[PDB]
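*Asks:* Residue numbers (the entry's author numbering), protein chains in the order written: chain A, 1 to 384, 405 to 426; chain D, 220 to 401; chain F, 222 to 373; chain B, 661 to 727, 750 to 1031, 1135 to 1324; chain E, 33 to 66, 258 to 478, 488 to 524, 536 to 577; chain G, 261 to 294, 298 to 358, 540 to 579.
Ideal Cβ positions, reconstructed from N, Cα and C, are used throughout, including at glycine.
Please see the structure below; I have some questions.
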Amino acid sequence: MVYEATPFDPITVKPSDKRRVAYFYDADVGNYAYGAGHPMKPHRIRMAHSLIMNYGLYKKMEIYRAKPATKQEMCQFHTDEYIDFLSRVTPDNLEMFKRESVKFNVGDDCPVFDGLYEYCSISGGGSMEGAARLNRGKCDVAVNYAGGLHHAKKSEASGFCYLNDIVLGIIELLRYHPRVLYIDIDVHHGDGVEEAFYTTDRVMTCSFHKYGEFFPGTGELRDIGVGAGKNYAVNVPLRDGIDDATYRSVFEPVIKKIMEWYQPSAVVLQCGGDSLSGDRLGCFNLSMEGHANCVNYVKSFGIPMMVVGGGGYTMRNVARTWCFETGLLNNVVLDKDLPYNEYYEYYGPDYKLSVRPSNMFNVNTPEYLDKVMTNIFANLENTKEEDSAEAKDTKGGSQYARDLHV
Amino acid sequence: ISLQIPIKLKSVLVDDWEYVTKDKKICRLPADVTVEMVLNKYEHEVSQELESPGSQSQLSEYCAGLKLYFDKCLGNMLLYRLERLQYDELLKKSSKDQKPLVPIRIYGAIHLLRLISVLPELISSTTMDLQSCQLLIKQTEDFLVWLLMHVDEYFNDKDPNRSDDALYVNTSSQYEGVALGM
Amino acid sequence: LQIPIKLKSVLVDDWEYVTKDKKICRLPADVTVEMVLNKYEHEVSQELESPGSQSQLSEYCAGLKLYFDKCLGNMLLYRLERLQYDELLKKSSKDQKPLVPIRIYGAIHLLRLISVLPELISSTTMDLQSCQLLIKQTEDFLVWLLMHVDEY
Amino acid sequence: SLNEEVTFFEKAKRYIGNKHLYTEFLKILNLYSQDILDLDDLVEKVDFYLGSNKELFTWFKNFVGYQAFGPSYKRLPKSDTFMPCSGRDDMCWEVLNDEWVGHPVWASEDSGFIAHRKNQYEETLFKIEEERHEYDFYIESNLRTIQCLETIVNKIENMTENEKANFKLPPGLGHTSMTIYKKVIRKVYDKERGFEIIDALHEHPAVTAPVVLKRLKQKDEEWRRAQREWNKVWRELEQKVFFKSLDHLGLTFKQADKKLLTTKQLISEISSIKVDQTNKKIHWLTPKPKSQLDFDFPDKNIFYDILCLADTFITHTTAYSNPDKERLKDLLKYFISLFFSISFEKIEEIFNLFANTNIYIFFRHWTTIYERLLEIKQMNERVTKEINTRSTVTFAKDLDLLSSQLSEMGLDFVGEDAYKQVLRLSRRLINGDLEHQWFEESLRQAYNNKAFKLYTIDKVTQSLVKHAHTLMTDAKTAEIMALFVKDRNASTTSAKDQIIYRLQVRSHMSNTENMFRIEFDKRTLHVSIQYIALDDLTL
Amino acid sequence: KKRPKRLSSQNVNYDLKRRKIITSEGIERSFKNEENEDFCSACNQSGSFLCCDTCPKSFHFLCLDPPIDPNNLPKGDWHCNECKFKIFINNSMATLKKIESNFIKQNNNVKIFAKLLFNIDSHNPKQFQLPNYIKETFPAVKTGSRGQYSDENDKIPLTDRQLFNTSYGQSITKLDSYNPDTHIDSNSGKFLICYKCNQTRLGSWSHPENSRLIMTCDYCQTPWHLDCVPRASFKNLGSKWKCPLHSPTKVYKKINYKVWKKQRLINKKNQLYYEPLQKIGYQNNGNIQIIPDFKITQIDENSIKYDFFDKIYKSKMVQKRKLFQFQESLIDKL
Amino acid sequence: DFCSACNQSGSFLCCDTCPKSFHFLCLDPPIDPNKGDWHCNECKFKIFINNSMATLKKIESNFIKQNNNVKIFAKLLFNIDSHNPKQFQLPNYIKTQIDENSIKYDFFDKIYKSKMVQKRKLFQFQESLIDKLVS
């Protein structure tokens, strides 16, 4: 109800609940590049998998290689012409699609590269297979670091995002789970996910982002919802450099009230490297410990949840955070020492599993967050195809990426 | 030469300019205030309320000339660059439905006001007898006064976010991408 | 602009009777304009007047009184009434007293002010809204005077 | 009630205090009264106007009898809704929306966005990450293509020749991917030749596949040895930039502390919190009995540590004369021993004070040095336990990946008290043998960028001794401190000597100089400052 | 010790990044024998163009009288609409006469619109621009760099203020450095005072966390704390910020709805006009200004207070009448 | 000759500017018939401010501001001496620092009168409810 300014408590695992974790990964997701000077690069997933494949975490969880989504599946939310354009555009014939490159906003903000359709299909199939496995009870927590995009609209490509696999996973979750809650904990607010469920009540979005004429420009205490979606779109705008304790104090009570009033049957988490320490885009000061503590807080209630990797521009920090999140989801803590992997020389000079908080000024005053939370809780008072729905995915357990050499 | 226009219609035109260029809005293709019915209503209202001393022939000549001028004037100096794409879409639809396009019947009175505002420059563009210019300007001023007499019936402000019939709809991002930047 | 007519037959009776006996034989009126308007104010301002502002009615009474003070010898008399006004001016001159017409004239002099009011209202640059409010106030006053023919 | 509703407008006018805002308030009231604005928006607007006046706004609410979307998401017409997706069933059609959409170009009014500012060290790190990502992406794509092609050629060679001649393959090479091998071929060959090489590999394997695999193996060997070669440069560059990249405030602190420690800055701060009560708000509980109530001195040994720092800077400075140096040291020692209860313990390692601006600025410098050193002392045990248990990873130690020539010049913080170590480092910088940049790097490595306030400890100590020299050069401040010495009698005889004390310090002061009352209680080591603007001056 | 000048590793590429010498490698023996300007003439805008050769003028693909899709271009040296006359009808053949005078005989009873109907096709297409006899009658509206509308947005948008030092030129991500500059106005050297909590909240150099973010309104220069208004950061792009102490431009009522799109300013010989007629209620539909065609009424303070009290007491009266009707219904229930 | 203020011919009254006949006992101003040069009331208005000074300046703008609590017409209170008065004819359709205190007292009196009006109306409604209840 009021911002209590409680200090950052340690990350309690509370192992009373044991969650069967299904990690979805494809070896082909890291072999696609946007180009030099571009913030988005899917190569960060490969080292996130490598850190996962170097802690012995495969002995506590199920690895999965999802079948990539087809045109009949990504068109469950996107228009047919957008998917038809995306499956034929390559960076050698853009002049033949000069109209559709600016119609669907595929220019310089979202460039064209080889395997773009393949990467989008991989991400969509991963999200779909994770949601189908969560729906049938085959897993307790589904991990989808291999691709996840919140900026993608119905027929618009924006935010270095092309295919909104999050809404596809939510749609898959919507066929059995009635009430789904989408939690966003990064900067560059998920306007695509929020606007895709703005006028519905069975799915509501909660985003902790940055406002003040940032890149998305969407997210406000007045952005609440229209039609049947009134009081079913929650935005918590934050200023620059919110630290770990401030993020905990602004994250835990609103989540507690949200699930004490909405009580969702499914959770979609959008953890990412956008709200981490100093990277190419983003101004938050939330370190590894607070970012993992938010997810561990979400893990404390034992709700069947989705964790989806989103942004990330500095691959070492986002890989460290995703590895610690995977370890926390398996009811264990990881040592700060980094094991020897294929990207041993990639990480920082300390070579430790830690993202250092950049000592910069925090402008999130207690009274601003107090009035934001009072407005949010006032808005919260009223809250009281051929092979779709497919759980068919390859096991992919024979592969390994663990290094046992010098 | 010179035209005197009511100030309320000038404010309506400036609001149209704001809605198109700044607020990025376009008029509704299913117009209920179209140029043909508005001109016919004006002609009948000024013809059934007074006698015919021979000036009604001149008024019908002016109405027919305005209709013929709006038939082919809409695609040349009207139609801001944003709303050109809707015009192309309806032209393609009309050509697909084997029907020649008549913009008098499917465009509202805002474009008629735009034509009236531009009309002095078109008058100065061509070489005309001055008495003909004075007569045409007098008829245009009388029609503008009549339009001011029914300003609320044909021009009403309504937010498209709160109502579906507001003579102005929002534009999708695909519309902005195709119409502007290409 | 037009004023409703119910009791203006008294006005034409006076118009016929000014040439006979002037319709008034007492140079100071027994029932002057001051107490007539005071009884009107004590009658309407708490019976039919809605709560809120009564300043429009008080300002109407004050403006009517001040206009009557400026209506001296101007569209308010007949020829015999002009002679009566000359006599009043003469008898108000030896005692140097400023002759106010409110305390010397009766309700018969109000009707000629109200009847000529729309013609001179239309004779000046006056906003139509103010004309509507003024004719509404005069209609109210005449309606109040309809049930008070004793003063008439 | 009685004679209150008539005075509401005058009360509102005197409360607003601005004529333009009063005219706007009257315009809002009028447009409410024209049956245009409803009661709820009127009450909200008055709440924006009156606000903190709880009684007036509550009476307004009692008098008036009072008890849908944001700046984005404009609604599209239903004509554009009918965009066939061919994948939407009834549930997708009923749970998704096609009318209310918002775009980033609409939220910024087509004026763009401002990216967050990053220092050039962060840009160097971004360049390093881009280069490492490009090298590793090329390495991994080539290695995956080599794995696929080596499986292909093994399956070629282990069988006979008739199906070796005809092994027509679809796109994908029997794998789940479609174009990674195409990308590798296009990168290793020309643009116009990669297509034809891919075509002949698809339509005619077993003739060209082993040769292209050998070529890719040679290219991968070159790429691997070059990545090994350049990784040393990339590792050495990021070691000197990473702590600079994290320290967003440290590189600007050299200018920020110089800009915001002058006399005018402290005058403005203390006058701002002085006027922070003298405003439209009502006066309650003798407002402003103390200007700030925030100047306590909890620690003690910090007194002796700052005294040692000042002694070292005095022995280093060549500005003041040696008798001036000795008299400055004695004056600082006596001022510290008299303003507090310290009886000059060894350093070998309610009472008021009415004074001018110079003593105030000098004591402000003393307090800010004390506050920075106390903030360092607060996390001393935690940072000592962290620096004493920083276990280096064994594989990084064996591979010589550990950071060299950063703390190997004696700038390490391991095995010693961190607060004493930073005190010794500040003393060495005061004499000058340690580069200021290297001191900042050592502090960043030790305290994890939490000690950017100690970057200019030498400069603030220089300002400290400079303002202490101003305490002993003019007769006015000398008379002020002499009267301060005469004021401290180890006893409290206040409420009688205070008035003539104020008059006496007024006789040694100008008629426009701001008075500062430096109060200090006998216990709890508390000092507070009263900013007097000569309101006590009755002349 | 960095020294990246040598150690070039040209084996792959001397360039730190990816030079194209691997593309220059050519082992392929595996087969082994088994004048036009740059703006739209109708638009004055950049982008893709369709350029004619007979004239330098070029148009956009959509801004043409027969608006053509870029995916199906007309082949055969397409000419502009003006160019569809010079080397075509009415200028090349059947010339040596004024075709405008000859056009009059084709149509009748359109004599006042005859030569205009002749001249309509003799001109190139052009986007609609409001002529300089309508828009200059409003002193706040302006024509943008692309012909866009502009009335009260943030004037002179930043062009060189996007680059600065590590101190953020437009925001407060740094420490207390911008606090004494922003909290103190340069006109009088006095601390700016927030309207909600009447204080400065300047904080201190020692404790910058106590300071609060404050910026003035763009119209009335009202100092407002960022924590006293639903605002996240500074409004320095797009439109000017408006503090909540201003009269609304357009409002909606609902019990379909009304808009009341303000009044605007008419500066054509100051035509806006003023008139002081009777007080105590006027039905002026807003558009007032305070003294101590488009008609701005003249209204003083006592008229406003009398109208407000009249509205309040009328509301009390109708409420009382509704209560009377409810009690009458209750007594007819018995 | 005639008399527009007498509706008859009668006697003659001369005027220096635009001589229009009247009666000596029926002058437009109520002054002594026996005299020097006399201007008509419309002529007096013409020579007051319409000739050379205060003509572009509108005195009506000052006149509306200087009659407090009398605002029903500033026009008819101004143009009452701007023309020569005539005999009344039956029309054809029948056959500072102290003004603020004063207006504050007037506002208080109006609010009080509204308060007794509200109290009497309430009391009447309450009595009506009472004697309807006892039936």
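Let's test the definition: count the other Cβ atoms within 10 Å of the Cβ of A:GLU156 and tell me whether it reaches 16, buried, or not, exposed.
*Replies:* buried
*Asks:* May I have the straight-line CA-CA distance separating residue 1127 of chain B from B:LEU1013, to the nearest angstrom?
*Replies:* Examination of chain B shows a numbering gap from 1031 to 1135; residue 1127 of chain B is inside it and therefore has no coordinates.
*Asks:* Give the residues of chain B in contact with A:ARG222, contact being defined as C-beta atoms less than 8 Å apart.
*Replies:* Those are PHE751, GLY752 and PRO753, listed as they occur along chain B.
*Asks:* Quick one: is A:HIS78 buried, meaning 16 or more other Cβ sit within 10 Å of its Cβ, or exposed?
*Replies:* buried
*Asks:* Return the CA-CA distance between G:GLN352 and D:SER271, expressed in angstroms with no decimal places.
*Replies:* Spanning the alpha carbons of G:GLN352 and D:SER271 requires a straight line of approximately 43 Å.
*Asks:* With DSSP collapsed to three states, give me the class of E:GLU323.
*Replies:* helix
*Asks:* For the region 889-909 of chain B and the region 809-828 of chain B, state whether three or more C-beta atom pairs, one from each stretch, are separated by less than 8 Å.
*Replies:* yes
*Asks:* Which of helix, strand or coil does DSSP assign to F:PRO249?
*Replies:* coil
*Asks:* On the DSSP bridge assignment, give the partners of E:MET316 in chain order.
*Replies:* E:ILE312
*Asks:* Quick one: residues in its chain with C-beta nearer than 6 Å to the C-beta of B:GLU1156, no 5 flanking neighbours on either side, listed in chain order?
*Replies:* none
*Asks:* Taking DSSP as the reference, what is the three-state secondary structure of E:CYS286?
*Replies:* coil
*Asks:* Here's the rule: buried if 16 or more other CB atoms are within 10 angstroms of the residue's CB, otherwise exposed. What is F:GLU302?
*Replies:* buried
*Asks:* Ignoring anything shorter than 4 residues or poking outside the region 13-84 of chain A, list the alpha helix (DSSP H) runs there in chain order.
*Replies:* 44-52 and 71-74
*Asks:* Hey, could you find the ends of the beta strand (DSSP E) B:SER1313 is sitting in?
*Replies:* 1312-1317
*Asks:* Run through chain A and tell me which residues come within less than 9 Å of B:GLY769, C-beta to C-beta.
*Replies:* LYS71, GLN72, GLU73, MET74, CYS75, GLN76, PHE77, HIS78, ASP80, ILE83, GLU405 and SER408
*Asks:* Residues of chain F with a CB under 7 Å from the CB of G:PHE552: which are they?
*Replies:* Those within 7 Å of G:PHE552 in chain F number zero; the least Cβ separation is about 11 Å.
*Asks:* Mind checking which residues open and close the alpha helix (DSSP H) that includes D:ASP307?
*Replies:* Taken as a continuous stretch (DSSP letters only), the alpha helix (DSSP H) holding D:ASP307 covers 303-315.
*Asks:* Determine the DSSP secondary structure at A:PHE214, reduced to helix, strand or coil.
*Replies:* coil
*Asks:* For A:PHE208, which three-state DSSP category applies?
*Replies:* strand
*Asks:* Verify whether the separation of the beta carbon atoms of A:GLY311 and B:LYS800 is less than 8 Å.
*Replies:* no
*Asks:* Between A:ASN330, A:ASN235, A:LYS103 and A:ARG202, which lies nearest to A:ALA142 when the distance is taken from Cα to Cα?
*Replies:* A:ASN330
*Asks:* Based on DSSP bridge pairs, tell me the residues matched to B:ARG757.
*Replies:* B:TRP782
*Asks:* Tell me the residue span of the alpha helix (DSSP H) that contains residue 737 of chain B.
*Replies:* Looking at chain B, the numbering goes 727 and then 750, which leaves residue 737 of chain B without any coordinates in this model.
*Asks:* Among G:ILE322, G:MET316, G:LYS320 and G:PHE341, whose alpha-carbon lies nearest the alpha-carbon of F:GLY284?
*Replies:* It is G:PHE341 whose Cα lies nearest to the Cα of F:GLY284.
*Asks:* If you pair each beta-carbon of the region 162-181 of chain A with each one of the region 209-226 of chain A, do three or more pairs fall below 8 Å?
*Replies:* In this structure the region 162-181 of chain A does not lie against the region 209-226 of chain A, because fewer than three pairs of beta carbons, one per stretch, are closer than 8 Å.
*Asks:* Looking only at its chain, what residues have a beta carbon closer than 6 Å to the beta carbon of B:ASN1216, apart from the 5 residues adjacent to it on each side?
*Replies:* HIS998
*Asks:* Taking 7 Å as the cut-off, is the CB of A:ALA409 close to at least one heavy atom of the ligand NAD?
*Replies:* Absent from the structure shown: the ligand NAD. Ligands present: none.
*Asks:* If you drop the 5 nearest sequence neighbours on each side, which residues of the same chain put their C-beta closer than 7 Å to that of A:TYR313?
*Replies:* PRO39, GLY273, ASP279, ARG280 and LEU281
*Asks:* Are at least three pairs of beta-carbons, each pair with one atom in the region 258-269 of chain A and one in the region 296-310 of chain A, less than 8 Å apart?
*Replies:* Contact holds: three or more Cβ-Cβ distances are below 8 Å.
*Asks:* Going by the beta-carbon positions, is the gap between B:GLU812 and A:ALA36 smaller than 8 Å?
*Replies:* yes
*Asks:* In whole angstroms, what separates the C-alpha of D:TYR238 from that of E:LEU273?
*Replies:* 28 Å
*Asks:* Would you check if the distance between the CB atom of D:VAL254 and the CB atom of D:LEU331 is smaller than 8 Å?
*Replies:* In this structure, D:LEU331 lies closer than 8 Å to D:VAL254 by Cβ.
*Asks:* Is there a C-beta anywhere in chain G that falls below 8 Å from the one on E:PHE414?
*Replies:* no
*Asks:* Sorted by chain position, which residues of the same chain lie with C-beta nearer than 8 Å to E:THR445's C-beta, five sequence neighbours on each side aside?
*Replies:* So the qualifying residues of the chain are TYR418, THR439, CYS466 and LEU468.
*Asks:* Report yes or no: is there a C-beta of chain E within less than 8 Å of the C-beta of A:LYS98?
*Replies:* yes
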